[PDB]
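Participant: Structure incoming, see below.
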Amino acid sequence: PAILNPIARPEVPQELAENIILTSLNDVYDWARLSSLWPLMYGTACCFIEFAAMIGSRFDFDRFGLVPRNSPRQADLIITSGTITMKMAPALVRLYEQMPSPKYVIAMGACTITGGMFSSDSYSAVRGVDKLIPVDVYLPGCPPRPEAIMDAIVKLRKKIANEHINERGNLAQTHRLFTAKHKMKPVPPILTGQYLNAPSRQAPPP
Amino acid sequence: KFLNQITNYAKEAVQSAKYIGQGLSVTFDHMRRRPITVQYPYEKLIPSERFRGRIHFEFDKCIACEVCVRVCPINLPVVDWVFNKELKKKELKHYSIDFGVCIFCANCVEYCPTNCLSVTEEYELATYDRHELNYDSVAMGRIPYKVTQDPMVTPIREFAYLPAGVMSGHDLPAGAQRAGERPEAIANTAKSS
Amino acid sequence: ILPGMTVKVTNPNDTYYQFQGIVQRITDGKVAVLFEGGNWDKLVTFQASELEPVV
Amino acid sequence: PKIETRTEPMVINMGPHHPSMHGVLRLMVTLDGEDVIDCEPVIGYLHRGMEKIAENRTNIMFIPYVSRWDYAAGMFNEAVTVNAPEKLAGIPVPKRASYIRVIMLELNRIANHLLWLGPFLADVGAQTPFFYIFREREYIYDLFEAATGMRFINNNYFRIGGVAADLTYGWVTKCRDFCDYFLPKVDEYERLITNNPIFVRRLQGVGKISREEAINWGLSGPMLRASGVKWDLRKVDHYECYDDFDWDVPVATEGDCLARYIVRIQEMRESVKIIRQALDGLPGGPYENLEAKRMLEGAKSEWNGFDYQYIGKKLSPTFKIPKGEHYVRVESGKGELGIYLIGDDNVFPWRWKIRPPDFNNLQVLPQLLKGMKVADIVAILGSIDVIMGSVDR
Amino acid sequence: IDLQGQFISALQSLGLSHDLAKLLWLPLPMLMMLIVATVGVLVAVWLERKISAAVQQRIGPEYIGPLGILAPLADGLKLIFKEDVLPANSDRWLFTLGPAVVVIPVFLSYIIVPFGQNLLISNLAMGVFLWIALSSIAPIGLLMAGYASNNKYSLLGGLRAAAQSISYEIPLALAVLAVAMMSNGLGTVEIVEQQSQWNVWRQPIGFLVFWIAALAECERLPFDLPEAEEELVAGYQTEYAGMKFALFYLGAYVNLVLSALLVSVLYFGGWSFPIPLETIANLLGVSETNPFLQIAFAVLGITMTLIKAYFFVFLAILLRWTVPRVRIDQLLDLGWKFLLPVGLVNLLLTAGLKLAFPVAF
Amino acid sequence: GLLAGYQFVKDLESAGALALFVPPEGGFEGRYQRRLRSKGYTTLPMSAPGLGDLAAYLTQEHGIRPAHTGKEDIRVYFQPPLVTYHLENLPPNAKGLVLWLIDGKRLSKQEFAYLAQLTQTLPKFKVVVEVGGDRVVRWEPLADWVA
Amino acid sequence: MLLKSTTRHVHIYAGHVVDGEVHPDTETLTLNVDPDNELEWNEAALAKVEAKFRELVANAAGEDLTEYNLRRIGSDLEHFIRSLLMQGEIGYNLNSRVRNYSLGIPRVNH
Ligand SMILES: CCCCCCCCCCCCCCCCCC(=O)OC[C@H](CO[C@@H]1O[C@H](CO[C@H]2O[C@H](CO)[C@H](O)[C@H](O)[C@H]2O)[C@H](O)[C@H](O)[C@H]1O)OC(=O)CCCCCCCCCCCCCCCCC
Ligand SMILES: CCCCCCCCCCCCCCCCCC(=O)OC[C@H](CO[C@@H]1O[C@H](CO[C@H]2O[C@H](CO)[C@H](O)[C@H](O)[C@H]2O)[C@H](O)[C@H](O)[C@H]1O)OC(=O)CCCCCCCCCCCCCCCCC
Ligand SMILES: CCCCCCCCCCCCCCCC(=O)OC[C@H](CO[C@@H]1O[C@H](CS(=O)(=O)O)[C@@H](O)[C@H](O)[C@H]1O)OC(=O)CCCCCCCCCCCCCCC
Ligand code: SF4
Ligand code: SF4
Ligand code: SF4
């Protein structure tokens with residue numbers, strides 16, 4: 007109990023590389039990667055609109071190479087814009103894990119870094135996305151000026167330019183997985199088609 | 002019976018061709034106009050006079066009445082007072098605001114009685130660690146950014162500070178004023194006849 | 045130019061031209077002027093040369 | 002590795018990840034060969050609990066919250082939130098504040114219709130107009146950011162006894178400039194678009210509600226006025242400073258996506274008339290003129306009167322709304338907003354309920370998809386102007 | 005000059021089995037055309053991103069290189085280093101093969117792109133007909149990308165892609181048919197040498218049909234159905250991540266520079282600075298063995314080919330942001346209901362005019 | 002000159018506190034941090050606008066007060082010194098610990114002088130402060146650039 | 001279809017991972033503590049977490065297999081993980097990854 011929430015204090019110090027050729031090639035590996043980030047077209051709530059304003063002509067993130075992508079397979083950056091309720095939290099983790107490994111996260115708006123104005127007396131909003139996925143950059147503010155989203159992009163580019171090709175080991179998932187039988191009465195799914203063809207829609211009960 | 006159908010087909014096809022040619026001409030015209038893009042990192046857009054940025058806190062003016070905590074939508078500002086016993090004076094020990102939870106509605110700045118709390122034009126907050134967004138009583142003053150006093154940024158006014166008739170703020174002279182006269186000037190003119 | 049004084053802004057190339065405020069804090073040669081007006085007290089930093097200590 | 006085709010109705014999930022601006026909506030839809038048998042819309046992916054929050058926040062603490070139900074225009078819902086306790090307390094709003102409120106609501110209606118118009122034209126065509134609305138939608142952002150603190154939503158510019166503060170100095174002239182620069186383009190839209198025969202046959206007869214079924218299904222918005230009902234809460238309720246301006250409540254008769262588009266464009270065009278008619282008639286005119294008159298003679302003169310103030314008496318954050326329920330309403334961009342405030346004796350209300358227009362216009366998604374096509378799903382979605390922020394309550 | 009003559013002669017001067025020298029030269033043009041195709045792809049990506057920005061009062065990539073010149077390089081190198089995913093129950097071998105079958109025959113059709121006479125890889129006797137035959141393998145690639153997926157989202161996209169690429173193959177062939185009627189043959193050099201003083210002025214309907222059919226090869230926003238983001242997420246591409254997706258991203262712009270060059274050579278001509286240049290006997294140049302005049306006219310021909318290829322690349326990526334999309338059924342009515350009848354009519358008209366007035370045809 | 006050697010690390014080891022002048026696009030200074038990290042130095046960037054006295058946060062302890070929002074009456078945390086705690090948690094063969102400050106423009110000349118002086122004492126501790134500026138990634142000792 | 005409770009450093013599913021897939025089963029309740037390696041683990045701590053998971057899935061379960069109950073189990077597992085991290089049995093990773101202290105900052109236990 008000396009220091010609560012302690013740190014690792016690891017061993018086997020770095021095993022990093024030094025020769026000029028490999029670091030010069032790492033320079034290109036990191037330049038190609040940070041100057042062509044493709045965000046996922048993913049909005050949930052208010053902040054998305056400012057993100058869309060960041061797409062528009064008034065100031066587009068097309069420069070420094072950002073092209074919004076629809077499927078997560080081609081996306082390498084998810085700018086989480088909007089409040090994430092408990093109904094949709096697993097719908098985000100999925101979209102995050104369903105997306106190639108050299109990937110990044112930006113939590114924009116107050117509702118994705120601490121819960122925001124809903125951090126009190128709300129029973130459905132996830133109080134920050136940092137408890138769902140590994141956020142890289144936080145920008146505060148109900149809807150942040152779309153030249154603050156670009157400031158977050160600057161601070162994310164200067165973080166991407168830091169990576170090391172001799173360090174991509176800290177990029178896989180360890181998968182410490184277990185198993186335990188249960189007895190819990192599987193129920194039928196209550197979410198199917200059958201909205202207008204349902205028998206209760208066609209005639210009132212006697 | 003069959004000729005009317007064909008004349009309708011022709012009147013539809015030629016119309017669809019003209020209404021594509023017109024759009025083609027409009028788009029080919031659009032690429033002559035100057036881009037409205039505000040090239041942010043080197044052309045930062047100077048904010049308004051009421052823009053609600055980061056909160057600024059003057060430790061010396063605070064009297065610890067906690068109205069900032071009371072009119073806050075989420076009771077955010079942490080105020081730690083101790084109530085010294087000289088005669089009745091409250092003493093401030095730590096004022097803070099978690100700007101990660103902040104909403105930037107500035108109700109706190111509206112109801113500060115002592116003008117101890119103000120808004121700024123710092124919209125460029127971003128960190129790698131949200132625990133670094135909790136501002137001490139000292140990290141809050143810090144003399145705001147002032148985009149204009151930046152050697153690598155050409156400030157660009159927004160639509161409300163451009164002279165009459167002007168729409169964009171890119172190719173602007175060095176002597177423009179907002180839109181009209183201020184009240185003191187109008188009163189001075191009315192003073193002389 | 046000292047804190048607490050009421051000042052005006054004399055710089056035709058600024059959005060806060062001919063505004064009047066009160067000096068809240070001065071550090072490193074630059075000042076911070078608070079314009080109490082509208083609804084939310086604004087605070088912006090000016091150089092020591094873009095002011096004038098109005099009486 | 003395959004999907005094993007079989008002769009059944011196929012169910013497809015246009016799930017929460019909509020790569021568009023139509024919020025988060027799931028829409029499990031089944032189809033029999035490029036038709037629609039029935040769809041089950043799964044709303045709720047943005048329910049943050051505004052109704053339970055409103056019961057625990059005082060009014061000025063809750064007024065920043067409201068700018069979220071139906072993002073866009075984040076001043077309609079501010080207007081109804083201000084009107085709710087204002088009516089119970091019977092607090093009189095001055096006329097200048099009423100004119101500023103009218104101007105803000107009309108600019109917000111224009112912005113709402115622009116935000117609806119962009120992705121609508123995108124889903125029935127090209128992606129360039131999305132870059133044109135946001136060139137035209139920014140000129141209103143930059144007017145809000147002068148008047149109130151921020152851009153669109155999180156303005157909290159409204160107050161119970163009026164409006165948080167007067168306009169800036171060079172504001173009326175610049176709003177005039179914007180109106181004169183924008184009014185030709187609401188018609189330039191119908192010039193560059195709305196006449197492509199392929200584009201008008203696309204939404205010619207897809208989506209349809211009879212006048213007698215839109216009343217039954219409660220489609221308060223322009224979805225009603227597109228079905229031949231000359232009825233908007235601005236002329237039937239005599240909203241605050243109306244009957245002081247000319248009125249052409251636009252209505253179509255067929256009740257289809259094309260009718261919705263036409264009504265929305267004519268309404269966006271009438272909003273500019275309302276704004277230009279109010280601007281020339283503020284109780285005090287532009288704020289620099291009013292301030293000059295007040296500093297020249299308004300020490301005691303009539304220019305310092307109650308009818309020329311931006312607010313009534315400034316109220317404490319402990320307003321303590323009185324006892325007694327009632328239902329308030331405002332004709333927003335998507336139709337009628339409704340707050341069924343109750344209140345018992347204190348600052349915290351009792352059952353602050355929100356009646357959003359999109360929540361009722363969305364009830365006929367299945368009826369409007371009664372076997373139309375698989376392709377006109379997005380057009381019917383865009384014809385309703387769905388905003389999931391107003392589908393949380 | 006005849007660089008081939010000099011190469012084979014200087015290589016045979018030191019022995020090396022003269023017949024073997026001719027085998028040691030094939031890689032030279034076989035990779036010069038690869039170089040120009042890759043540069044054309046980079047140019048097409050850059051032009052799209054920088055012209056769509058000008059059309060919309062915007063600025064394209066500007067922080068990559070001086071003018072965003074390095075933007076396609078970055079977008080390619082990123083997709084190289086990206087982790088590739090192969091979903092749970094998808095097939096393992098038709099997956100990694102779709103994006104290659106949709107690409108190999110698009111590259112192979114560069115045999116027939118002239119860039120001036122004696123400046124092309126092996127002017128073939130089948131020429132444009134070989135291209136018509138080779139452009140029919142990509143639908144197999146799309147069906148392969150759709151069949152090898154556990155995603156019913158993307159099988160429906162592969163089907164509607166393979167059903168659009170076959171709808172615009174009959175009119176695309178009936179336009180080249182009318183061109184080959186006048187051209188007396190099928191080889192591209194023999195097709196273009198009939199312009200000795207342009208086919209667009211005598212085939213004003215076949216030009217329209219050819220151009221529309223080529224733009225409707227699942228390429229441009231006029232159609233681009235399997236890429237139409239809003240109606241469906243990327244169609245069949247929705248599951249490819251690294252270089253496998255870059256093969257789609259790349260095989261769609263090379264399939265555009267190719268079509269631009271082909272419209273140029275069919276209806277305009279990769280030669281002929283408009284005046285009948287080869288009647289520049291007024292400078293008394295002995296072209297025949299003029300050591301230069303040869304290089305001067307080579308440069309003129311290359312420039313005149315690239316001008317008219319860039320004209321159509323520009324016009325295609327301009328129509329992308331001008332013409333509204335059609336659902337899928339307004340698309341399949343262009344072919345088989347408007348383009349196929351008009352193609353047949355143009356063919357019959359060219360036949361009637363060639364039988365009646367054999368001069369000028 | 003489009004590719005850099007290791008002069009940055011030598012200059013940091015010599016001066017102790019540098020003051021970068023990165024271009025305002027932020028993708029061309031990360032390679033210098035990677036050069037630093039490849040030598041043995043460990044970095045930790047903490048976005049200067051958000052630290053306190055810079056002496057209570059770096060050297061001494063300081064009581065962080067989290068955001069109670071109506072619940073959970075005021076509580077302090079006392080997080081350990083952001084430097085003395087990271088000098089103990091260095092990897093086995095670590096050449097030192099350099100401190101990266103992203104938005105150095107917000108600090109004042111007094112705080113810059115303090116950060117410069119702190120490098121001489123407290124041995125295994127260098128400082129880089131990205132004061133905004135020039136269109137090329139140039140550096141300059143932090144003892145200079147002030148007064 | 002799967003039924004899962006996926007949060008940071010806890011991932012409960014309703015199937016059996018045979019080689020990397022999931023294969024919904026209706027009684028396996030797999031668990032995937034800390035995939036992204038926010039923390040550094042030991043052999044004793046992982047055993048404690050597995051034991052807690054077992055006594056949480058077995059000793060208290062006769063209810064439905066709705067996603068509500070799966071979330072209710074995952075929440076308790078994550079509270080247990082946070083308690084382990086508070087007591088000091090485990091610690092943050094400190095590696096060159098994102099390093100955002102999602103479970104709290106290090107404090108000094110005054
Ligand atoms: C990414 C896209 C861009 C990337 C660039 C491509 C990478 C290559 C970079 C190297 C560039 C250096 C080459 C210098 C160009 C001059 C070489 C030339 O013109 O050589 C031409 C010769 C000509 O060949 C001979 O040409 C003769 C006559 O010309 C004939 O050419 C045509 C056929 O009839 C015409 O119709 C003409 O009338 C006709 O007479 C005969 O046809 C012979 O049979 C034939 O062998 O071919 C040859 O070796 C040419 C073979 C090499 C091909 C490379 C050409 C590159 C294009 C450069 C154009 C420069 C434009 C101006 C530059 C300055 C700016 C103003
Ligand atoms: C021991 C290990 C060995 C391993 C081998 C691997 C190592 C590789 C060796 C080095 C790599 C070099 C690669 C390129 C070198 C250039 C070779 C060349 O110059 O090769 C020359 C070739 C060959 O064709 C030329 O052909 C004529 C000769 O006739 C014969 O040439 C051809 C071959 O027979 C045809 O069959 C022709 O009909 C036939 O008659 C010429 O006079 C020359 O003799 C002959 O070489 O040129 C052509 O093929 C024409 C194609 C080029 C045309 C250029 C147009 C350029 C495009 C514009 C550039 C800008 C583009 C950017 C914008 C793009 C947007 C669209
Ligand atoms: C069919 C065949 C086809 C095959 C396909 C071909 C594949 C080609 C792959 C190679 C493409 C690489 C392009 C790189 C372009 C680029 O870097 O962008 C230019 C940018 C622009 O910024 C620059 O930076 C400078 C500022 S600053 O100092 O960096 O801050 C300043 O110069 C200005 O900002 C700008 O100029 O440069 C950088 O930002 C820094 C990145 C450093 C790049 C490393 C240098 C290249 C070395 C190559 C490796 C050689 C190894 C031996 C060396 C000892
Ligand atoms: S972060 Fe702010 S603006 Fe964005 S959705 Fe949440 S409350 Fe609205
Ligand atoms: S700043 Fe104002 S509201 Fe806050 S504690 Fe001080 S006096 Fe009270
Ligand atoms: S900005 Fe809003 S949340 Fe922050 S202290 Fe002021 S009133 Fe409270």
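Protein chains in written order, with full-length UniProt numbering: chain A, 7 to 212; chain B, 2 to 194; chain C, 45 to 99; chain D, 2 to 394; chain E, 5 to 201, 207 to 370; chain F, 2 to 148; chain G, 1 to 110. The beta carbon of each residue, even a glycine, is placed where N, CA and C say it ideally should be.
1. Which word fits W140/F, buried or exposed, when buried means at least 16 other C-beta atoms lie within 10 angstroms of its C-beta?
2. Flag residue 206/E as yes if its beta-carbon sits less than 9 Å from any beta-carbon of chain B, otherwise no.
3. Between the segment 232–240 of chain D and the segment 49–58 of chain B, do three or more beta carbon pairs fall short of 8 Å?
4. Tell whether a beta-carbon distance below 9 Å holds between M15/D and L32/D.
5. Please decide whether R8/G counts as near chain F, where near means a Cβ-Cβ distance under 9 Å.
6. Please list, following the chain, all residues that have a C-beta closer than 6 Å to any non-hydrogen atom of ligand 4.
7. Under 8 Å Cβ-Cβ, which residues of chain B neighbour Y101/G?
8. Extract the residue ranges of the beta strand (DSSP E) inside the segment 48–96 of chain A, only unbroken runs of 3 or more that lie entirely within it.
9. Which runs of the beta strand (DSSP E) at least 3 residues long sit entirely within the segment 39–74 of chain B? Give them in chain order.
10. Are the C-beta of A68/F and some C-beta of chain B separated by less than 9 Å?
11. Going along chain B, which residues have a C-beta under 9 Å from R36/F?
12. Return the chain-ordered ranges of every alpha helix (DSSP H) run that is complete within the segment 206–241 of chain D and spans a minimum of 4 residues.
13. Going by C-alpha to C-alpha distance, which of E248/E, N264/E, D6/E sits closest to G150/E?
14. If you follow the alpha helix (DSSP H) that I381/D is part of, which residue opens it and which one closes it?
15. Flag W37/A as yes when its Cβ comes closer than 8 Å to any non-hydrogen atom of ligand 3, and as no otherwise.
16. In the segment 61–91 of chain B, which residues sit with their C-beta less than 9 Å from some C-beta in chain D, listed in chain order?
17. Provide the residue span of the beta strand (DSSP E) that contains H170/A, from first to last.
18. Assign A177/E to buried or exposed, taking buried as 16 or more other Cβ atoms, counted over all protein chains shown, within 10 Å of its Cβ.
19. With the cut-off set at 9 Å, would you say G383/D and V30/D are in Cβ contact?
20. Output needed for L106/D: all residues of its chain with C-beta closer than 7 Å, excluding positions within five of it in sequence on either side, in chain order.
21. Which chain D residues are close to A152/E, counting only those with a beta carbon under 9 Å from its beta carbon?
22. How would the residue list near ligand 5 read, in chain order, if you kept each one whose beta-carbon is closer than 6 Å to any heavy atom?
23. Could you pull out every residue in the same chain whose Cβ sits closer than 6 Å to the Cβ of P287/D, ignoring the five residues on either side in sequence?
24. Under 7 Å between beta-carbons, which chain D residues line up against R64/A? List them in chain order, please.
Facilitator: Quick answer:
1. Counting from one through the sixth sequence, the residue named residue 140/F turns up at place 139. Buried: at least 16 other Cβ atoms inside 10 Å.
2. Any structural detail on residue 206/E is unavailable, because chain E resumes at 207 straight after 201.
3. no
4. Within the fourth sequence, residue 15/D is the residue found at index 14, counting from 1. Within the fourth sequence, residue 32/D is the residue found at index 31, counting from 1. Not a contact, by the Cβ cut-off of 9 Å.
5. The residue labelled residue 8/G in the question sits at position 8 within the seventh sequence. Chain F has no Cβ within less than 9 Å of the Cβ of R8/G.
6. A51/A, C52/A, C53/A, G88/A, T89/A, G115/A, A116/A, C117/A, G122/A, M123/A, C148/A, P149/A, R69/D
7. Here the question's residue 101/G lines up with position 101 in the seventh sequence. Against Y101/G, the close residues of chain B are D130, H132, in the order they occur along the chain (beta-carbon pairs closer than 8 Å).
8. 83–87
9. 56–58
10. Translated into the one-based positions of the sixth sequence, residue 68/F becomes position 67. So yes, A68/F belongs to the interface.
11. Taking the sixth sequence and counting its residues from 1, the one referred to as residue 36/F is at position 35. Ordered by position in chain B, no residue passes the 9 Å Cβ test against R36/F, which lies about 20 Å from the chain.
12. Complete alpha helix (DSSP H) runs here, min 4: 212–217, 223–226.
13. On the fifth sequence, position 146 is the one that residue 150/E refers to. It is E248/E.
14. Translated into positions along the fourth sequence, residue 381/D becomes position 380. In the DSSP assignment, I381/D falls within the unbroken alpha helix (DSSP H) covering 378–383.
15. For the purposes of this step, residue 37/A is taken as the residue at position 31 of the first sequence. Yes; taking the cut-off as 8 Å, the Cβ of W37/A has a heavy atom of ligand 3 nearer than that.
16. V68, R71, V72, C73, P74, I75, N76
17. Against the first sequence, residue 170/A aligns to sequence position 164. First-last for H170/A: undefined, no H or E at that position.
18. For the purposes of this step, residue 177/E is taken as the residue at position 173 of the fifth sequence. It is buried - the Cβ of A177/E has at least 16 other Cβ atoms within 10 Å.
19. Working through the fourth sequence from its first residue, we reach residue 383/D at position 382. Working through the fourth sequence from its first residue, we reach residue 30/D at position 29. No. Outside cutoff.
20. The sequence position of residue 106/D within the fourth sequence is 105, counting from 1. Here the set comprises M76, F77, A80.
21. In the fifth sequence, the residue the question calls residue 152/E occupies position 148. Within chain D, the residues near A152/E are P2, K3.
22. Working through the chain, the matches are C63/B, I64/B, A65/B, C66/B, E67/B, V68/B, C69/B, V80/B, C113/B, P114/B, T115/B, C117/B, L118/B.
23. Taking the first residue of the fourth sequence as 1, we reach residue 287/D at position 286. Same-chain partners within the cutoff: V173.
24. Walking along the first sequence from the start, residue 64/A turns up at place 58. Residues of chain D passing the Cβ test: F135, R136, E139.
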